[PDB]
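Asker: As input, take run-v7.cif (mmCIF, C-alpha atoms and all ligand atoms):
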data_input
loop_
_atom_site.label_atom_id
_atom_site.label_comp_id
_atom_site.auth_asym_id
_atom_site.auth_seq_id
_atom_site.Cartn_x
_atom_site.Cartn_y
_atom_site.Cartn_z
CA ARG F 5 7.80 -19.15 -25.41
CA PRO F 6 9.41 -20.91 -22.35
CA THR F 7 8.77 -24.51 -21.37
CA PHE F 8 6.15 -24.68 -18.62
CA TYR F 9 5.70 -27.37 -15.98
CA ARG F 10 2.65 -28.23 -13.85
CA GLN F 11 2.53 -28.99 -10.11
CA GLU F 12 -0.13 -29.13 -7.43
CA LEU F 13 0.40 -27.21 -4.22
CA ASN F 14 -2.32 -27.31 -1.58
CA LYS F 15 -4.85 -28.53 -4.15
CA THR F 16 -4.07 -25.64 -6.40
CA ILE F 17 -2.54 -26.09 -9.84
CA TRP F 18 0.50 -24.04 -10.65
CA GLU F 19 1.67 -23.91 -14.19
CA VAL F 20 4.93 -22.02 -14.41
CA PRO F 21 8.04 -21.61 -16.63
CA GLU F 22 10.97 -23.82 -15.75
CA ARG F 23 13.14 -20.93 -14.74
CA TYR F 24 11.03 -20.86 -11.53
CA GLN F 25 12.01 -23.79 -9.22
CA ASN F 26 11.39 -25.00 -5.64
CA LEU F 27 7.86 -23.73 -5.38
CA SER F 28 6.90 -23.28 -1.84
CA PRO F 29 3.52 -22.11 -0.39
CA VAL F 30 3.66 -18.90 1.61
CA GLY F 31 0.03 -17.65 1.33
CA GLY F 36 -4.71 -15.32 -5.36
CA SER F 37 -2.22 -17.63 -3.60
CA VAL F 38 1.51 -16.97 -3.28
CA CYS F 39 4.48 -19.30 -3.78
CA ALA F 40 8.12 -18.64 -2.92
CA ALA F 41 10.38 -19.79 -5.76
CA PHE F 42 13.99 -19.81 -6.94
CA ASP F 43 14.49 -17.92 -10.14
CA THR F 44 17.21 -19.83 -11.91
CA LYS F 45 17.70 -16.87 -14.28
CA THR F 46 18.85 -14.24 -11.75
CA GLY F 47 19.68 -16.64 -8.86
CA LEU F 48 17.26 -14.87 -6.48
CA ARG F 49 14.18 -15.84 -4.42
CA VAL F 50 10.94 -14.51 -5.86
CA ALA F 51 7.27 -14.63 -4.94
CA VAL F 52 4.92 -15.93 -7.62
CA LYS F 53 1.31 -15.02 -7.13
CA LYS F 54 -1.36 -17.00 -9.00
CA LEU F 55 -4.47 -14.83 -9.16
CA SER F 56 -7.57 -16.71 -7.96
CA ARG F 57 -10.65 -16.07 -9.99
CA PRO F 58 -9.16 -13.54 -12.41
CA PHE F 59 -12.02 -13.18 -14.86
CA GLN F 60 -15.10 -14.43 -12.90
CA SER F 61 -16.97 -11.11 -12.89
CA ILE F 62 -16.72 -7.74 -14.55
CA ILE F 63 -15.64 -6.38 -11.20
CA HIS F 64 -12.93 -9.08 -10.92
CA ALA F 65 -11.81 -8.78 -14.50
CA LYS F 66 -11.37 -5.03 -13.94
CA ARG F 67 -9.36 -5.48 -10.73
CA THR F 68 -7.08 -8.09 -12.35
CA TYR F 69 -6.38 -5.39 -15.05
CA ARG F 70 -5.96 -2.69 -12.43
CA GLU F 71 -3.47 -4.87 -10.50
CA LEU F 72 -1.36 -5.55 -13.56
CA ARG F 73 -1.36 -1.98 -14.83
CA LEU F 74 -0.31 -0.76 -11.37
CA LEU F 75 2.49 -3.35 -10.97
CA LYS F 76 3.78 -2.61 -14.46
CA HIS F 77 3.99 1.08 -13.66
CA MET F 78 5.96 1.00 -10.42
CA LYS F 79 9.62 1.66 -11.03
CA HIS F 80 11.03 2.91 -7.74
CA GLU F 81 13.40 1.53 -4.97
CA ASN F 82 10.79 1.64 -2.27
CA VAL F 83 7.80 0.39 -4.31
CA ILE F 84 7.43 -3.22 -5.32
CA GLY F 85 7.58 -3.51 -9.12
CA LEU F 86 6.90 -6.33 -11.52
CA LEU F 87 9.70 -8.84 -12.16
CA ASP F 88 7.70 -10.98 -14.54
CA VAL F 89 4.17 -11.73 -15.58
CA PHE F 90 3.12 -14.81 -17.49
CA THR F 91 0.31 -17.12 -18.49
CA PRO F 92 0.30 -20.86 -19.57
CA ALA F 93 -2.03 -19.66 -22.42
CA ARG F 94 -0.83 -19.32 -26.01
CA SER F 95 -3.52 -17.10 -27.66
CA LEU F 96 -6.22 -14.88 -26.05
CA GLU F 97 -8.87 -17.67 -26.30
CA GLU F 98 -7.00 -20.01 -23.90
CA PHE F 99 -6.17 -17.10 -21.59
CA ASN F 100 -7.54 -17.87 -18.10
CA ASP F 101 -4.78 -17.61 -15.52
CA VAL F 102 -2.42 -14.78 -14.58
CA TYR F 103 0.74 -15.11 -12.55
CA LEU F 104 2.76 -12.12 -11.20
CA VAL F 105 6.37 -12.41 -10.18
CA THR F 106 7.86 -10.07 -7.65
CA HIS F 107 10.95 -9.86 -5.25
CA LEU F 108 10.44 -11.96 -2.16
CA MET F 109 11.63 -9.60 0.64
CA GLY F 110 11.45 -12.15 3.53
CA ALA F 111 9.72 -10.16 6.28
CA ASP F 112 7.07 -7.54 6.78
CA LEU F 113 7.16 -4.54 9.14
CA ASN F 114 4.62 -6.37 11.28
CA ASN F 115 6.94 -9.35 11.98
CA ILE F 116 9.77 -6.83 12.61
CA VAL F 117 8.04 -4.69 15.41
CA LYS F 118 7.04 -7.82 17.37
CA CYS F 119 10.76 -8.72 17.90
CA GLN F 120 13.18 -5.84 17.54
CA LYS F 121 12.50 -2.91 19.78
CA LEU F 122 13.42 -0.39 17.07
CA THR F 123 16.05 2.30 17.65
CA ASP F 124 15.46 5.95 16.70
CA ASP F 125 17.78 5.52 13.70
CA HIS F 126 15.70 2.60 12.48
CA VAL F 127 12.44 4.57 12.72
CA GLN F 128 14.12 7.47 10.73
CA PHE F 129 15.28 5.07 8.03
CA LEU F 130 12.06 3.06 7.84
CA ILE F 131 9.68 6.12 7.80
CA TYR F 132 12.04 7.91 5.37
CA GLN F 133 11.73 5.02 2.95
CA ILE F 134 7.94 4.83 3.24
CA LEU F 135 7.73 8.54 2.53
CA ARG F 136 10.15 8.35 -0.42
CA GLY F 137 8.04 5.53 -1.98
CA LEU F 138 4.88 7.53 -1.21
CA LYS F 139 6.26 10.74 -2.84
CA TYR F 140 6.68 8.61 -6.03
CA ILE F 141 3.27 6.87 -5.81
CA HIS F 142 1.45 10.14 -5.13
CA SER F 143 3.26 11.90 -8.01
CA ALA F 144 1.50 9.33 -10.35
CA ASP F 145 -1.83 10.48 -8.83
CA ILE F 146 -2.18 7.08 -7.16
CA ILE F 147 -3.41 6.65 -3.59
CA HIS F 148 -2.29 3.56 -1.65
CA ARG F 149 -5.49 3.66 0.36
CA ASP F 150 -4.50 0.76 2.75
CA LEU F 151 -0.99 1.51 3.94
CA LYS F 152 -0.11 -0.71 6.90
CA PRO F 153 2.80 -2.75 8.30
CA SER F 154 1.66 -5.99 6.45
CA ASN F 155 1.97 -3.98 3.18
CA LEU F 156 5.57 -3.15 4.04
CA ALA F 157 8.39 -5.58 3.11
CA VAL F 158 11.68 -5.10 4.80
CA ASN F 159 14.98 -7.01 4.34
CA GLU F 160 18.09 -7.77 6.35
CA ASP F 161 19.33 -4.22 5.97
CA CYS F 162 15.95 -2.70 7.05
CA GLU F 163 15.52 -1.65 3.27
CA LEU F 164 11.77 -1.29 2.66
CA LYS F 165 9.31 -1.83 -0.26
CA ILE F 166 5.63 -0.76 -0.31
CA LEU F 167 3.22 -3.47 -1.51
CA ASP F 168 -0.18 -3.07 -3.18
CA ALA F 169 -0.14 0.71 -3.89
CA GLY F 170 -3.40 1.82 -5.61
CA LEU F 171 -5.01 -1.59 -5.41
CA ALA F 172 -7.64 -1.18 -2.67
CA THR F 185 -7.31 -4.22 10.23
CA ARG F 186 -8.66 -0.76 10.25
CA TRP F 187 -5.95 0.44 12.66
CA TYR F 188 -4.06 2.65 10.06
CA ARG F 189 -7.11 4.02 8.09
CA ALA F 190 -7.72 7.76 7.96
CA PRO F 191 -10.91 8.96 9.80
CA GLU F 192 -12.39 10.31 6.52
CA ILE F 193 -12.36 6.75 5.04
CA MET F 194 -13.74 5.29 8.34
CA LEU F 195 -16.66 7.62 7.88
CA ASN F 196 -17.03 6.89 4.19
CA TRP F 197 -16.74 10.60 3.20
CA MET F 198 -17.58 11.53 -0.34
CA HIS F 199 -14.18 11.58 -2.09
CA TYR F 200 -10.88 11.96 -0.25
CA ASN F 201 -7.35 12.61 -1.43
CA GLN F 202 -3.70 11.29 -1.10
CA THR F 203 -3.36 12.71 2.45
CA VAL F 204 -5.13 9.58 3.78
CA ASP F 205 -1.82 7.80 3.20
CA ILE F 206 -0.02 10.30 5.53
CA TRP F 207 -2.51 9.46 8.32
CA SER F 208 -1.40 5.86 7.85
CA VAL F 209 2.29 6.78 8.03
CA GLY F 210 1.59 8.63 11.36
CA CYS F 211 -0.03 5.44 12.78
CA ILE F 212 2.90 3.26 11.56
CA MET F 213 5.51 5.71 12.82
CA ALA F 214 3.89 6.02 16.27
CA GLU F 215 3.92 2.18 16.59
CA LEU F 216 7.58 1.92 15.43
CA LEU F 217 8.42 4.30 18.21
CA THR F 218 6.38 2.82 21.07
CA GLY F 219 6.15 -0.84 19.98
CA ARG F 220 2.36 -0.53 20.54
CA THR F 221 -0.54 -0.19 18.07
CA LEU F 222 -1.55 3.49 18.21
CA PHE F 223 -5.34 3.06 17.73
CA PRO F 224 -6.10 -0.67 18.25
CA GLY F 225 -9.90 -0.33 17.81
CA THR F 226 -12.24 -3.34 18.35
CA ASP F 227 -14.56 -2.31 15.58
CA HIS F 228 -15.39 0.72 13.57
CA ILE F 229 -16.88 3.01 16.19
CA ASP F 230 -14.20 2.00 18.82
CA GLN F 231 -11.53 3.00 16.24
CA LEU F 232 -12.99 6.41 15.74
CA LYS F 233 -13.35 6.93 19.52
CA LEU F 234 -9.59 6.14 20.09
CA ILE F 235 -8.62 8.60 17.31
CA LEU F 236 -10.66 11.36 18.86
CA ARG F 237 -9.11 10.72 22.31
CA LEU F 238 -5.65 11.50 20.93
CA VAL F 239 -6.29 14.33 18.50
CA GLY F 240 -9.44 15.89 20.04
CA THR F 241 -12.89 16.67 18.63
CA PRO F 242 -12.75 18.69 15.39
CA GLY F 243 -12.04 22.45 15.73
CA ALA F 244 -14.24 25.19 14.30
CA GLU F 245 -12.09 25.47 11.26
CA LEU F 246 -12.68 21.78 10.35
CA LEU F 247 -16.44 21.88 11.14
CA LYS F 248 -16.90 24.84 8.66
CA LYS F 249 -15.83 22.49 5.80
CA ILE F 250 -18.31 19.74 6.58
CA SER F 251 -21.18 20.00 4.17
CA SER F 252 -23.32 17.13 5.35
CA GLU F 253 -25.75 18.10 8.10
CA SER F 254 -25.91 14.73 9.80
CA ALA F 255 -22.15 14.19 9.87
CA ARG F 256 -22.06 17.63 11.54
CA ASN F 257 -24.00 16.47 14.64
CA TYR F 258 -22.81 12.80 14.63
CA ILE F 259 -19.71 14.86 15.48
CA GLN F 260 -20.91 17.46 18.03
CA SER F 261 -22.53 14.31 19.55
CA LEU F 262 -19.44 12.12 19.96
CA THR F 263 -17.82 13.06 23.36
CA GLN F 264 -16.22 16.52 23.52
CA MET F 265 -12.35 16.11 23.93
CA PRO F 266 -9.21 18.32 23.78
CA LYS F 267 -6.15 17.56 21.66
CA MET F 268 -3.55 15.57 23.66
CA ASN F 269 -0.03 16.97 23.74
CA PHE F 270 2.00 14.43 21.70
CA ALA F 271 5.14 15.49 23.64
CA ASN F 272 3.14 13.88 26.54
CA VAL F 273 2.04 10.79 24.68
CA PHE F 274 5.33 9.70 23.03
CA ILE F 275 7.60 10.32 26.11
CA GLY F 276 11.29 9.67 25.37
CA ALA F 277 10.79 9.94 21.61
CA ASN F 278 13.10 12.29 19.69
CA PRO F 279 11.39 15.76 19.67
CA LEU F 280 11.67 15.97 15.84
CA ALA F 281 9.78 12.60 15.60
CA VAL F 282 7.04 14.01 17.90
CA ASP F 283 6.87 17.19 15.85
CA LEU F 284 6.47 15.24 12.54
CA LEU F 285 3.77 13.00 14.17
CA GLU F 286 1.96 16.23 15.13
CA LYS F 287 1.99 17.20 11.48
CA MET F 288 0.80 13.88 10.16
CA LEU F 289 -1.94 12.97 12.68
CA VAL F 290 -4.26 15.99 12.02
CA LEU F 291 -8.01 15.27 11.52
CA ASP F 292 -8.25 17.95 8.82
CA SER F 293 -6.75 16.41 5.70
CA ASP F 294 -5.88 19.80 4.13
CA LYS F 295 -3.53 20.49 7.00
CA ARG F 296 -1.64 17.13 7.02
CA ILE F 297 2.05 17.35 5.87
CA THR F 298 2.57 15.95 2.30
CA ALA F 299 5.02 13.15 1.45
CA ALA F 300 7.42 15.62 -0.34
CA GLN F 301 7.30 18.09 2.63
CA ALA F 302 7.91 15.34 5.17
CA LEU F 303 11.02 14.14 3.33
CA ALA F 304 12.37 17.68 3.92
CA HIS F 305 11.58 17.52 7.67
CA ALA F 306 14.50 17.82 10.13
CA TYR F 307 13.88 14.33 11.46
CA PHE F 308 15.31 12.69 8.20
CA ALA F 309 18.31 15.05 7.79
CA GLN F 310 20.62 12.05 7.90
CA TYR F 311 18.79 10.43 4.97
CA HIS F 312 17.14 13.10 2.81
CA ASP F 313 18.68 13.60 -0.60
CA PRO F 314 16.63 15.97 -2.81
CA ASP F 315 18.49 14.63 -5.81
CA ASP F 316 17.50 11.10 -5.07
CA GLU F 317 13.76 11.20 -4.29
CA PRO F 318 12.36 10.59 -7.84
CA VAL F 319 8.82 11.07 -9.19
CA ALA F 320 6.76 8.66 -11.33
CA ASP F 321 6.01 8.84 -15.05
CA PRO F 322 2.42 9.63 -15.66
CA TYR F 323 -0.07 6.84 -15.04
CA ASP F 324 -3.03 6.63 -17.33
CA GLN F 325 -5.92 5.67 -15.15
CA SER F 326 -8.80 6.52 -17.43
CA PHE F 327 -9.79 2.88 -17.43
CA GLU F 328 -11.12 3.41 -13.85
CA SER F 329 -14.09 5.30 -15.25
CA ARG F 330 -15.01 2.63 -17.81
CA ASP F 331 -17.66 -0.13 -17.62
CA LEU F 332 -16.59 -2.95 -19.86
CA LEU F 333 -17.60 -6.55 -20.53
CA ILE F 334 -15.51 -9.36 -19.03
CA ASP F 335 -14.10 -10.27 -22.38
CA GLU F 336 -12.86 -6.71 -22.98
CA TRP F 337 -11.12 -6.37 -19.53
CA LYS F 338 -9.71 -9.80 -20.30
CA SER F 339 -8.30 -8.81 -23.65
CA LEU F 340 -6.89 -5.58 -22.20
CA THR F 341 -5.12 -7.67 -19.56
CA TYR F 342 -3.84 -10.03 -22.21
CA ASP F 343 -2.43 -7.01 -24.18
CA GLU F 344 -0.59 -5.90 -21.03
CA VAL F 345 0.89 -9.40 -20.53
CA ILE F 346 2.28 -9.51 -24.08
CA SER F 347 3.65 -5.87 -23.97
CA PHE F 348 5.57 -6.47 -20.71
CA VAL F 349 9.33 -5.71 -20.86
CA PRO F 350 11.35 -7.10 -17.94
CA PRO F 351 13.63 -4.91 -15.77
CA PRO F 352 17.42 -4.67 -16.73
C1 LIG E 401 -13.76 12.50 13.31
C2 LIG E 401 -14.29 13.41 12.22
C3 LIG E 401 -13.49 13.19 10.93
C4 LIG E 401 -13.02 14.51 10.34
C5 LIG E 401 -12.11 14.13 9.19
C6 LIG E 401 -12.24 15.21 8.16
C7 LIG E 401 -10.85 15.38 7.63
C8 LIG E 401 -10.73 15.10 6.20
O1 LIG E 401 -10.36 16.40 5.86
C9 LIG E 401 -11.28 16.84 4.93
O2 LIG E 401 -11.11 15.88 3.87
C10 LIG E 401 -11.66 16.25 2.60
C11 LIG E 401 -10.97 15.32 1.60
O3 LIG E 401 -11.23 13.96 2.03
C12 LIG E 401 -11.41 17.74 2.25
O4 LIG E 401 -12.10 18.07 1.03
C13 LIG E 401 -11.77 18.67 3.38
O5 LIG E 401 -11.47 20.00 3.00
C14 LIG E 401 -10.94 18.28 4.60
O6 LIG E 401 -11.25 19.05 5.77
#
Please lay out the structure from this file as structure tokens.
Ligand SMILES: CCCCCCCCO[C@@H]1O[C@H](CO)[C@@H](O)[C@H](O)[C@H]1O
Answerer:
Amino acid sequence: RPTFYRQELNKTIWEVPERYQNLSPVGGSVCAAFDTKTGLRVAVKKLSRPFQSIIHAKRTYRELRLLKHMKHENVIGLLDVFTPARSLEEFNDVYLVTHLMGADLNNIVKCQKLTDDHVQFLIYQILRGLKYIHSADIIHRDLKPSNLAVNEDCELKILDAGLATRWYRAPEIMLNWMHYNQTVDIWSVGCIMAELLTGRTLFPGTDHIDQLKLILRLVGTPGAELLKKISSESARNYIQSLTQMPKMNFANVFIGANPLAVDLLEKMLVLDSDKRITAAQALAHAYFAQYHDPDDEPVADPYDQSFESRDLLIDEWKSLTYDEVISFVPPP
């Protein structure tokens, strides 16, 4: 068991192994550090109240299980996980170590006007990461530029897959909607991609209803085919009672965009989820021909998420988390 040291950063106590030096607050809470073992910068996240409620204990476990599963180039994976605690009984704090990428896609759009080649490369990588996440039957659920780390070479990693602004949220989630599927992530990609092209937020809503109104201005009120699938009576007139609008021609909205980019946007930004392109299909779209390699777009091992159905006591979630900490095997 390594030697730990204690330090206080912004009135928070960090107790970490010595291998991690130069702790520096970036935002539980996150510290940048220097990993003397690999000679790289890392982010060390101390979880805040890991075991305070059943709901919290379960989400701490969820977070760890997810991070331990992710083994893909475009998905952030777990570099280390540790606790000061010897024994389960002293177990109270959880720290997660990941690659510090240095910028997010949000910081990047506000400076660089992005070229078409950059948008191909950036969206390609998001989709390649999503093909992997979705093959483990995981939904990101909150894909957005702040969840996208990008380095000097515009190489990209997806943060927080499966863990959860409303600007990138699919309409079905904005309206609650009993049960939705992985296609909500593709709506998000459409929103990101549009903004990487124009430099502007696609649907910068003020609140919830304003968001929905902007979405309908672009894509139009639902067609008869979508309305047939809507089982709830009230949702059905809450609809036929928002302002009647036609679908805009995206060729006319994203002027001066590559026509293949406009075509793929048309296939992502569809109200009806059943008709949205999938991550795998998109990777095969003519827009990424420079980047697509069918032999290098891997799928995930299966992810056992049965725990999601269970209602356990804080102590049990806590012991399950402790088992995961102990069983952790670091990457090559
Ligand atoms: C503005 C009105 C919102 C319409 C959004 C409905 C599109 C979501 O699409 C719907 O999603 C469900 C899964 O979530 C599917 O079971 C339905 O078949 C599909 O039409």
Asker: Could you tell me, counting only C-alpha atoms and all ligand atoms, which protein and nucleic acid residues lie no more than 9 Å from ligand LIG 401 (chain E), written as a count of residues only?
Answerer: 39
Asker: Rank nothing, just name the residue among F:336, F:324, F:230, F:163 nearest to residue 145 of chain F, using all atoms listed in the file.
Answerer: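 Of F:336, F:324, F:230, F:163, the one nearest residue 145 of chain F is F:324, counting all atoms listed in the file.
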Asker: Using all atoms listed in the file, can you tell me which of F:260, F:82, F:341, F:326 comes closest to residue 169 of chain F?
Answerer: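 Using all atoms listed in the file, residue 169 of chain F sits closest to F:82.
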Asker: Please, which residues in segment 93-149 of chain F fall within 10 Å of segment 16-39 of chain F when counting all atoms listed in the file, and what is the closest atom pair and distance in Å to one decimal for each, ordered by chain then residue number, as JSON lines?
Answerer:
{"residue": "F:93", "atom": "CA", "partner": "F:19", "partner_atom": "CA", "distance": 10.0}
{"residue": "F:101", "atom": "CA", "partner": "F:19", "partner_atom": "CA", "distance": 9.1}
{"residue": "F:102", "atom": "CA", "partner": "F:36", "partner_atom": "CA", "distance": 9.5}
{"residue": "F:103", "atom": "CA", "partner": "F:20", "partner_atom": "CA", "distance": 8.3}
{"residue": "F:104", "atom": "CA", "partner": "F:38", "partner_atom": "CA", "distance": 9.4}
{"residue": "F:105", "atom": "CA", "partner": "F:39", "partner_atom": "CA", "distance": 9.6}
{"residue": "F:108", "atom": "CA", "partner": "F:39", "partner_atom": "CA", "distance": 9.6}
Asker: For the residues in the current selection, export C-alpha atoms as a CSV table (one decimal), in the frame of the given file.
Answerer:
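Once written, result-v9.csv looks like this:
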chain,number,residue,atom,x,y,z
F,93,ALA,CA,-2.0,-19.7,-22.4
F,101,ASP,CA,-4.8,-17.6,-15.5
F,102,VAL,CA,-2.4,-14.8,-14.6
F,103,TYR,CA,0.7,-15.1,-12.6
F,104,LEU,CA,2.8,-12.1,-11.2
F,105,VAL,CA,6.4,-12.4,-10.2
F,108,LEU,CA,10.4,-12.0,-2.2
Asker: What's the 9 Å shell around residue 80 of chain F, counting all atoms listed in the file, without same-chain residues fewer than 4 positions away, as a list in words?
Answerer: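 Returned residues: residues 84, 85, 137, 140, 141, 318, 319 and 320 of chain F.
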Asker: Find the residues with any atom within 6 Å of (-4.0, 3.3, -10.4); use all atoms listed in the file and the coordinates as given in the file, and write the answer as number ranges by chain.
Answerer: F: 74, 146, 170, 325
Asker: How far is it from atom CA of residue 278 of chain F to atom CA of residue 237 of chain F, in Å with one decimal?
Answerer: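 Distance reported for this atom pair: 22.4 Å.
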Asker: Can you work out the spacing between atom CA of residue 328 of chain F and atom CA of residue 69 of chain F in Å, to one decimal?
Answerer: 10.1 Å
Asker: Mind pulling up the distance from atom CA of residue 122 of chain F to atom CA of residue 220 of chain F?
Answerer: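 Atom-to-atom, atom CA of residue 220 of chain F and atom CA of residue 122 of chain F are spaced 11.6 Å apart.
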Asker: Nearest residue to residue 313 of chain F out of F:132, F:99, F:342, F:8, using only C-alpha atoms?
Answerer: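 For residue 313 of chain F, the nearest of the given residues is F:132.
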Asker: In file coordinates, which residues lie within 7 Å of (-13.5, -9.3, -18.2) using all atoms listed in the file, given as a PyMOL selection string?
Answerer: chain F and resi 59+61-62+65-66+333-338
Asker: With distances taken over all atoms listed in the file, which of F:239, F:127, F:72, F:111 is nearest to residue 168 of chain F?
Answerer: F:72
Asker: Skipping near chain neighbours, those fewer than 6 positions away, what residues fall within 12 Å of residue 154 of chain F using only C-alpha atoms, listed as a list in words?
Answerer: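 In the requested form, the answer reads residues 110, 111, 112, 113, 114, 115, 116, 117, 164, 165, 166, 167, 168, 185, 187, 188 and 212 of chain F.
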Asker: Would you mind telling me which residue in F:286, F:317, F:331, F:43 lies nearest to residue 143 of chain F when using all atoms listed in the file?
Answerer: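 Among F:286, F:317, F:331, F:43, it is F:317 that comes nearest to residue 143 of chain F.
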Asker: Each side padded by 5 Å, which centre and which edge lengths in Å (one decimal) define the axis-aligned box around the listed atoms of segment 299-315 of chain F? Give them as lines of an AutoDock Vina configuration file.
Answerer:
center_x = 12.8
center_y = 14.3
center_z = 2.8
size_x = 25.6
size_y = 17.7
size_z = 27.3
Asker: Between F:6, F:155, F:209, F:45, which residue has the minimum interatomic distance to residue 92 of chain F, considering all atoms listed in the file?
Answerer: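 Closest residue, counting all atoms listed in the file: F:6.
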